[PDB]
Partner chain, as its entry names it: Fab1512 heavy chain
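Next comes just one chain, in structure tokens: the form solved without the partner chain.
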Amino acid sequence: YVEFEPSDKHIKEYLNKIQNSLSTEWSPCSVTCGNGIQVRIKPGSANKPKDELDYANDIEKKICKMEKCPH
């Protein structure tokens, strides 16, 4: 069945997109309408170099829900 949840592949794509502003503060929502994701670096991972961030353990994710997408 259709999952209706954000996929890890797509969240990793967003991490590439916002990598320059990625920090311990939540990112902007990945979308301007409908459902997307916000990401941040876990505070306990703030000392790590960019090339040693584990997706599952060093990155926090949360669903964000924006206004209904217009036609």
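Positions refer to the first chain, counted from 1.
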{"query": "Greater mean Cα temperature factor according to the PDB record, 55-63 or 9-17", "finding": "55-63"}
{"query": "25-33 set against 39-47, stretch whose average Cα temperature factor tops the other in the entry", "finding": "39-47"}
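One more form of this protein should be noted, the form deposited with the partner chain bound, which is absent from this view; the next part is about it.
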| item | value |
| --- | --- |
| Non-hydrogen atom contact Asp8 with the partner chain in the deposited bound form at 4.5 angstroms | yes |
| Partner proximity in the deposited bound form: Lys65 to the partner chain, non-hydrogen atom cutoff 4.5 Å | yes |
| Any residue of 17-41 that, in the deposited bound form, places a heavy atom within 4.5 Å of the partner chain | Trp26, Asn35, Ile37, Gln38, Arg40 |
